[PDB]
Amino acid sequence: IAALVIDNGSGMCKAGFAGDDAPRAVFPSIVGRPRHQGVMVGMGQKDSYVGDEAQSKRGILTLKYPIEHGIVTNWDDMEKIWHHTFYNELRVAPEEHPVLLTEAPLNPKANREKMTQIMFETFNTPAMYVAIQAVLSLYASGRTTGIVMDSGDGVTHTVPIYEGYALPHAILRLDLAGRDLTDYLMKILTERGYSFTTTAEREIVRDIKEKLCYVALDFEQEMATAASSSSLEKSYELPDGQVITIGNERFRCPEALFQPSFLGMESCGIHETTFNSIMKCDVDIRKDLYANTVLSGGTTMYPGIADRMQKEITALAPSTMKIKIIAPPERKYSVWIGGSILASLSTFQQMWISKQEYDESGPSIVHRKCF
């Protein structure tokens, strides 16, 4: 039968099948349970609205956001997002198709064992595997060795991978990502005299970011080209009949990644975070990582990101180093594409954990099966 693959990540869940060159369904990771009896009053054998429709009705249905930082947190509300994945959306049964899952970088041994349990104990899966998002975002690009910069809605990470193995002594997590930008962009646009509310009029602002925003190679040159010329300005027509102007706020938004001080944080940006993760490794493997940096994720999808990640890692690094930045255009879904691949491979028939080894060993088999 065919496989089912899911990327429980950050804000949005990418699900579909193996072989598919694209995720069939990409919905949120939100669960919206009731606010007060009176909304349960009503109709339904349904308690919570999960996913795409939770956000539609949410002043009535108060919600939970599980896994917003990559690690699951609510294991009851996550049984739900996997129901809007193989049941009420992406419809075919869990029992019929084998599932590949993607854990966050550095997933706790315990959060792992529940996915193994929830999968066999609640979903009767034939077989299961839990892998790391980043190990699979490199298999998309055809690599088995290198460093990944996975960026989602809420968690960004730098994961070194030496032969399928992300090296835990060097996994670094940034915790600044997609929302932190939209919210900066909201605020830096709220100051331009083009204000937006912080309750759902801010999705219009999530559209200016992906659509009309880029990483600026020299922020400081980029600032000068803005106060002398209207050559860098672009225009947005709001869904509410208002056309606006953007400019400097465009490139100031994806700078939070390179320079995190914009949000008040005292952390270090992706270029620093990448160097520090490469050097938390041995000198023998550092060369194969500098030349193999995969920008994966969707916050890593601003045009120019790999040209600033060349300039910012060429400057931070030794001079004998080749820095190849690989940002395939499908970085938005590279954890996916590579989960589709792993699962469509024919040598993989073995690693899927079987329900026969689940019953014999427990959910403490993920550790001895998944790598």
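Numbers follow the displayed sequence, beginning with 1.
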Check: Comparing 221-229 with 191-199, which stretch shows the greater average C-alpha B-factor in the deposited entry?
Finding: 191-199
Item checked: Segment of higher mean CA temperature factor, 246-254 or 150-158 -> 246-254
Notebook entry, point to check: Quick one: which of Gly70, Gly304, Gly42, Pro28 has the biggest Cα B-factor according to the entry?
Noted result: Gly42
Check: Out of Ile171, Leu295, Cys281, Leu238, which one has a C-alpha B factor higher than all the others in the entry?
Finding: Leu238
Note to self: Per the entry's values, where does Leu345 land by CA temperature factor relative to the rest of its chain, in the lowest, middle or highest third?
What the structure shows: highest
Check: So where's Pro318 on the chain's Cα temperature factor ranking, which third?
Finding: lowest
Next item on the list: Using the B-factor values recorded in the entry, state whether the Cα atom of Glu272 falls in the lowest, middle or highest third among the modelled residues of its chain.
Entry: lowest
Check: Where does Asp207 sit by CA temperature factor within its chain: lowest, middle or highest third?
Finding: highest
Next item on the list: Determine, from the deposited record, the chain-internal third of the Cα B-factor for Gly16: lowest, middle or highest.
Entry: lowest
